[PDB]
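Enquirer: fold the following for me, if possible:
(6 chains, ligands or ions: 17)
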Amino acid sequence: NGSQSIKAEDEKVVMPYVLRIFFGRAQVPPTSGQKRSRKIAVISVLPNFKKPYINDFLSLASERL
Amino acid sequence: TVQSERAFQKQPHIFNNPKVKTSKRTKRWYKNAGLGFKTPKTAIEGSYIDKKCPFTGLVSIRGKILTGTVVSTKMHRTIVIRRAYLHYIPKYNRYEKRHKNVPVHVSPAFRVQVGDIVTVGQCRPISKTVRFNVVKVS
Amino acid sequence: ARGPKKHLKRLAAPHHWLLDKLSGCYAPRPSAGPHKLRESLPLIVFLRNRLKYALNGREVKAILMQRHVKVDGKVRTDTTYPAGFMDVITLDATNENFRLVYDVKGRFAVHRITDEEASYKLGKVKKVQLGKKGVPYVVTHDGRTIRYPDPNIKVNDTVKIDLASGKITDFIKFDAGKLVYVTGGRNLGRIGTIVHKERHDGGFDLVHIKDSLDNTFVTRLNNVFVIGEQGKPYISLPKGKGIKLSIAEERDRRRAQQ
Amino acid sequence: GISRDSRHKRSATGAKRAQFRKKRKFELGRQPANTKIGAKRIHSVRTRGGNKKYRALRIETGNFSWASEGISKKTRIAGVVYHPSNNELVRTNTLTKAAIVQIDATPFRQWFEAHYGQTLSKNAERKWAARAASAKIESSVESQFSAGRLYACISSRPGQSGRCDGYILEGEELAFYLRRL
Amino acid sequence: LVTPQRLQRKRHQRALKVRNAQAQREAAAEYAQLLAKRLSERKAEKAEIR
RNA sequence: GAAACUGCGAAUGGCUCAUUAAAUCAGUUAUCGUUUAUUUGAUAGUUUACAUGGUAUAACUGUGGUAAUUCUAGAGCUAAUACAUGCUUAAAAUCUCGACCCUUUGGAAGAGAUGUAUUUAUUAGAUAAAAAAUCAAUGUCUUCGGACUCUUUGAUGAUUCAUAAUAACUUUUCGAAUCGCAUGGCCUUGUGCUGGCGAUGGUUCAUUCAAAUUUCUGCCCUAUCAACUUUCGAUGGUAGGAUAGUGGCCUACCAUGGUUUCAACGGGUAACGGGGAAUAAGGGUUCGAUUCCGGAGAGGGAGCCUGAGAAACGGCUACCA
Ligand SMILES: [Mg+2]
Ligand SMILES: [Mg+2]
Ligand SMILES: [Mg+2]
Ligand SMILES: [Mg+2]
Ligand SMILES: [Mg+2]
Ligand SMILES: [Mg+2]
Ligand SMILES: [Mg+2]
Ligand SMILES: [Mg+2]
Ligand SMILES: [Mg+2]
Ligand SMILES: [Mg+2]
Ligand SMILES: [Mg+2]
Ligand SMILES: [Mg+2]
Ligand SMILES: [Mg+2]
Ligand SMILES: [Mg+2]
Ligand SMILES: [Mg+2]
Ligand SMILES: [Mg+2]
Ligand SMILES: [Mg+2]
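Expert: Residues are numbered from 1 along each chain as shown, chains lettered A, B, ... in the order given. Ligands and ions are numbered 1, 2, ... in the order given. The structure is reproduced below:
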């Protein structure tokens, strides 16, 4: 519901890039206090996503396996 | 009425949890100043908020302890006491009455009238001229 | 002044160093270190004006850069290093160990000690407090911080520090009947036994000390240094055993030995 | 130009003091930093000693702490609603300590959904049931959650630390400030 | 330039830090034992007083 | 080993007494009200590596401007303990999220997180002394009945103190890409592994040199100076800003306060203060720019970069002469 938030019509196209970007940020070695805070943030934005979009991120995590 | 100003008055870092609701009375923090100075039960069970109160505020009593006579109480939460002493003149081998007026912060836990004897303790600078704080009344 | 001073006039120097007032215009300024400026003896004064081993400052520097002087088992090369009370000064080439202890007159005295005595020093416990990660530590009078102290050790106690390892070997509590050494006031350098400790909350505590001659004197607690139990000091004492003696008798025994 | 020296003031007796010495660096003062909502602009200030201070010229996010549940989240700042010292800061949307502000309600709402499973896996059900007794909250907070904007108070000094942390008003705090609003 | 001296310095630095950590652990353990012994004996004395 | 970069110093010292009448200064207090280069002591297994870049330049080569200066323009080069980046090292414990089995009194593979620094919110930091009954959750144990002991807490006269814990936060730090001398020990014989004495840096704490403010008392002449301060802060309260930090230091809103014949306020001073000097029998009177301590200044006002430290002046910038 943010003012600058992605519109629902455009949510389909942008979201895969957003999800994959956050995936790369999630793979940073969470090793220093700034870096650890970065990993916490990327997981904390998941509830903002709709459940179908939460699901695909989990699929991306499991694709390598 | 405690909450008589634009901002809320609260003891800093003293948190009352609405969820637990253990006691009706709001949690109140207090300390004993030392030097055998008794914390009045009014401060313990009172409802005022004063950051400069020696028993409930963020101020410590350290250094000289003086005594004086209240001379003025017309301002808010502070008074002006008078200390009288005798100064020695050697040439005439004789004394002279001299007096000095000291402004002292008084916590609302005390009720002081013009004429009573008050013992005060030094603290950090509270205002432009206030460097003392009332700690005992009589 | 717009910053810290770096010069010390001879007249403004501590009296107990006993410096000539006409030799020059400036005196050695003790650098920052374990002891305070007014309660410290710079190595230059000790090597030149006390031991007479060096004739001038340059020769003192030459000795120091040769690394022959050790303070508390550590080599020091600063001319103005502030050695102080209960400090051990070791000269290996000459084979001496000195302990800096005030005489009765109130001046640091050249007191020679044995090696086994030079292996340890004493420290008055100035502070005890928990450091980071919940590790207790004690700060002594010479700026030494020792971690993991014995819990019984408190402020005003004395700790026997082994120089090689810098750890507490034994300690003495501050109690009546203990042997004490005065490190300030006009009673500086005297030795006695505690009688009573008068306390004033929010003020300076006062201690009554009785000498071997039964004379009594009162001194502020900050100038008292516990050195052992009565008759059993943990360090070798200088000549006179910290007993103040009058002037007439001073004439007397000077004549007698003369 | 700004100095904190007390000599320039009149004496308590009202005498006009004479000018003892020229101003010293160790009673200096610096221009106020009127922090305002917007894209982050912070610039460092070299202060006395080697220490450094942060000046928040602009900031729009802050770490706010919900005290009742003992949680804290980062949240965007909506706008300043009330300030006790002076209303001109409210008008100009200047961020300072003790300023009452409005913050977004989404992250707290997500956290409460997840933690209690109520709205404002078996393991999830077990945890929710165990914590079910504490689910109830103040009605005033829940109404704001419905609205989506929560009232908060800034407990940090943006002009010093460069942060706009704060806490969510509750109980008598919230009632008093609502009355003032 | 990669030279044996740099390798030696790195290795010495690592060994120093590791040895420091081990020494601190040993000292902490000894302090813990001393505290436990004092705590036990004072508790025994309190039991005797009762 | 010239030159230059880098680091440190230049805020010390020396000089003068213009301003300054509770100001400075003397004695005596306080920082539980704050900064502190350096010395000294502690203190960091949690962070392509047989070791990263120009996101770069001086000195230097060469081409030039100006009458003139410790003036410098263009182009070409190359370094770091400069500048900017960036890993590599034990185990355990605890706390979350939890696939799945199973409906238990449940269990649980796994996936995460934890050093330090900053900011916020919350929690612990006990106690003058002794015994019981229940509601809820719920853990050890036996002789299945009920039982359940020795249970952890420092300092101060006093604190929201020291310290620790939980949840997040950061244009966010630190956690050695440095250097000298020497060539010891293990072997699976590899320029394999390991290893000595020092220098220089680095987080935090303490100490030291210091700084800042501060509590009480104490200054010459003048009453033919009697009321002063408050519109433009004077006294105090609340909140904020700023400060290294307290504080009308400043801002906004509030009240009307504050000093005074025990001389306020104003005026004079050829007034820097003191340790001291002279005189005197004692009381006193006078001197003290001048070998030491403390304060202020660099022709006069105003404003600043750097740095731990300056409102610096043998540092810079205006205005006045
Ligand atoms: Mg004290
Ligand atoms: Mg340079
Ligand atoms: Mg003059
Ligand atoms: Mg005047
Ligand atoms: Mg004064
Ligand atoms: Mg140096
Ligand atoms: Mg060090
Ligand atoms: Mg070029
Ligand atoms: Mg304030
Ligand atoms: Mg105003
Ligand atoms: Mg004079
Ligand atoms: Mg003079
Ligand atoms: Mg100057
Ligand atoms: Mg001139
Ligand atoms: Mg100037
Ligand atoms: Mg000149
Ligand atoms: Mg100069």
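
Enquirer: count of residues packed around the closest residue to chain C within chain B?
Expert: Of all residues in chain B, residue B:35 sits closest to chain C, at 5.8 Å by CB to the nearest CB. For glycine as for every other residue, the C-beta is placed from the backbone atoms N, C-alpha and C. By other CB atoms under 10 Å in any protein chain shown, 14 other residues sit near residue B:35.

Enquirer: may I ask you to name the longest strand in chain C?
Expert: For chain C, the strand with the greatest residue count under DSSP state E is strand C:120-130.

Enquirer: just name whatever secondary elements that strand is in contact with.
Expert: Secondary structure elements in contact with strand C:120-130, counted by 3 or more CB pairs under 8 Å, 6 or more residues apart in numbering or on different chains; DSSP states H and E, are strand C:136-140, strand C:158-162, strand C:224-229.

Enquirer: turn those into TSV, columns for distance to residue A:56.
Expert: Converted to TSV, the helices and strands packed on strand C:120-130 look like this (distance: least, CB to CB, whole Å):
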stretch	distance to residue A:56
strand C:136-140	55
strand C:158-162	67
strand C:224-229	75
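
Enquirer: mind putting those strands in a markdown table, mean neighbour count and distance to chain B included?
Expert: Below are those laid out as a markdown table (neighbours: other CB atoms under 10 Å in any protein chain shown; distance: least, CB to the nearest CB, whole Å):
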| stretch | mean neighbour count | distance to chain B |
| --- | --- | --- |
| strand C:136-140 | 19 | 22 |
| strand C:158-162 | 21 | 28 |
| strand C:224-229 | 20 | 24 |
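
Enquirer: the ones you listed: which one's closest to residue D:111?
Expert: With CB to CB as the criterion, residue D:111 lies closest to strand C:136-140 of the helices and strands packed on strand C:120-130, at 39.7 Å.

Enquirer: packing partners for the closest one?
Expert: Short answer (3+ CB pairs under 8 Å, 6+ apart): strand C:136-140 packs on strand C:120-130, strand C:145-147, strand C:158-162.

Enquirer: okay, domains of chain D per the record?
Expert: As given by CATH domains of a matching chain, the domain ranges for chain D are D:1-30, D:31-105+D:149-181, D:106-148.

Enquirer: just how off-centre is the longest one within its chain?
Expert: Meaning domain D:31-105+D:149-181. With CA atoms, centre = their mean, to the nearest Å as the basis, domain D:31-105+D:149-181 stands 3 Å off its chain's centre.

Enquirer: check whether that domain contacts chain A.
Expert: Yes. Judged by CB under 8 Å from any CB of the partner chain, domain D:31-105+D:149-181 comes into contact with chain A at D:73, D:74, D:76, D:104.

Enquirer: just give the nearest non-adjacent residue to the first one, would you?
Expert: In this structure, residue D:73 finds its nearest non-sequential neighbour in residue D:107, 4.2 Å apart by CB to CB, 6 or more residues apart in numbering or on different chains.

Enquirer: would you enumerate the residues in contact with the residue most central in space within chain C?
Expert: The centroid of chain C falls nearest to residue C:85 when counting by CA atoms, centre = their mean (1.1 Å). By CB atoms under 8 Å, 6 or more residues apart in numbering or on different chains, the residues touching residue C:85 are C:35, C:39, C:100, C:101, C:102, C:141, C:142, C:183, C:225.

Enquirer: ok, residue C:113 next?
Expert: Counted by CB under 8 Å, 6+ apart, residue C:113 has contacts C:88, C:97, C:98, C:99, C:236.

Enquirer: ok, now with 6 Å
Expert: C:97, C:99, C:236 (CB atoms under 6 Å, 6 or more residues apart in numbering or on different chains).

Enquirer: dump those into a markdown table; add distance to chain D as well.
Expert: Listed next are the contacts of residue C:113 as a markdown table, based on distance: CB to the nearest CB, whole Å:
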| residue | distance to chain D |
| --- | --- |
| C:97 | 41 |
| C:99 | 39 |
| C:236 | 46 |
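
Enquirer: so which of these is the most crowded?
Expert: In terms of neighbours by other CB under 10 Å, the contacts of residue C:113 top out with residue C:99 at 22 neighbours.

Enquirer: ok, now which ones touch it?
Expert: Here residue C:99 is in contact with C:88, C:111, C:113 (CB under 6 Å, 6+ apart).

Enquirer: the closest residue in space to residue B:64 that isn't next to it in sequence: how many residues sit nearby?
Expert: Once flanking residues are discounted, residue B:64 sits nearest to residue B:122: 5.0 Å by CB to CB, 6+ apart. Close neighbours of residue B:122, defined as other CB under 10 Å, add up to 16.

Enquirer: hang on, residue D:72 packs against residue D:65?
Expert: Yes. Assessed by CB atoms under 6 Å, residue D:72 is found in contact with residue D:65 at 3.9 Å.

Enquirer: please say which of the two ends up with more neighbours.
Expert: Taking other CB under 10 Å, residue D:72 and residue D:65 do not tie; residue D:72 has more neighbours (18 against 15).

Enquirer: the more buried one falls within a helix, correct?
Expert: No. Per DSSP: H, G, I helix; E, B strand; the rest coil, residue D:72 lies outside any helix segment and is strand.
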